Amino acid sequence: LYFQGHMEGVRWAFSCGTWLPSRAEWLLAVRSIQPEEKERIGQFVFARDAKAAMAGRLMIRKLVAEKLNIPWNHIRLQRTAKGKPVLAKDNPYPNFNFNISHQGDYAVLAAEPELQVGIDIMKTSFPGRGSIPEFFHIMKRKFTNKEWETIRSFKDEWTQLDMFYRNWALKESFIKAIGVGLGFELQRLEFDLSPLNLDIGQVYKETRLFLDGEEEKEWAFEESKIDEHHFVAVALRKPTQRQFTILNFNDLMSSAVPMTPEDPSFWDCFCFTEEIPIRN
């Protein structure tokens, strides 16, 4: 009917872990977000967390600005009672919605014009305390009997770890899609992971979810490895390229404009993990 573009699904990542902005670039970014979000970021103790959260905000603003054609300074983002970022009530889309996650060295965003969307990123890391088996026993309540049988079916304990983190990202993607936050009973959610082995450079779409013991055929999941050690899961509730495009700071700043005045307190106020021994 109209001479107009139609939004497709968006899959974007940003390497916040290797982002090293100058001071002017950091402070410009701080100016380009909402005041209450800026306040929230100014209270993180560590730089890597401030950087991750900043990246998430800028990705969400670039999304709305460029896919909904709303001036950056006119984007009004809100949060549900359970913390979930949402776009304030009226674009022309049936169910425009978006979700981010930030873990290890990356921020990731998924968005969709109609499908309800959730995302999680997890990095495989050896346990901070105790053996792998002790970790699995501490974490027992998060996964069902059948999910544990799959996780523990590999001979290699590290492969079991990968599989643990993959199943975690999958469940958290579902939970984030529906916005319930904390307290969802994880025993209710049973994923049947397929295929068993994932390589870099493909999106995989065969995993299925059973909720309260019945297959939820209206939900689909996309799984990929952004690198050898980071797993991403997108959950979607009812010509497609679904690989994540990795953006840089310049791309985050493409439609950005300052919204608050420059704030020098936001420079030189964070700790860095390089200053301490990583333990736990």
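So that there is no doubt, residue numbering starts at 1 and follows the sequence shown.
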Practice prompt. Classify the number of deposited-sequence residues missing from the model between residue 238 and residue 239: none, 1 to 3, 4 to 9, or 10 or more.
Written response: 10 or more
Discussion item. Please classify the unmodelled stretch of the deposited sequence between residue 90 and residue 91: none, 1 to 3, 4 to 9, or 10 or more residues.
Written reply: 1 to 3
Fill in: Higher-scoring stretch by recorded Cα B factor average, 123-131 or 80-88
123-131
Response to the item:
Averaging the C-alpha temperature factors as deposited, the higher value of 100-108 versus 114-122 falls on 100-108
Item to complete: Choose from 251, 222, 36, 227 the residue with the greatest Cα B-factor as stated in the PDB record.
Response: 227
Worksheet item: Per the PDB entry, which option out of 167, 95, 187, 207 has the greatest Cα B factor?
Response: 95
Worksheet item: Lowest, middle or highest third: where is residue 16 by C-alpha B factor in its chain?
Response: lowest
Practice prompt. Consider only the C-alpha atoms of the modelled residues in this chain, order them by B-factor as the entry records it, and name the third containing residue 176: lowest, middle or highest.
Written response: lowest
Worksheet item: Comparing residue 154 with the other modelled residues of its chain, is its CA B-factor in the lowest, middle or highest third?
Response: highest
Response to the item:
Here the Cα B-factor of residue 278, set against its chain, lands in the third termed middle
Worksheet item: With respect to C-alpha B-factor, does residue 197 fall in the lowest, middle or highest third of the chain as deposited?
Response: highest
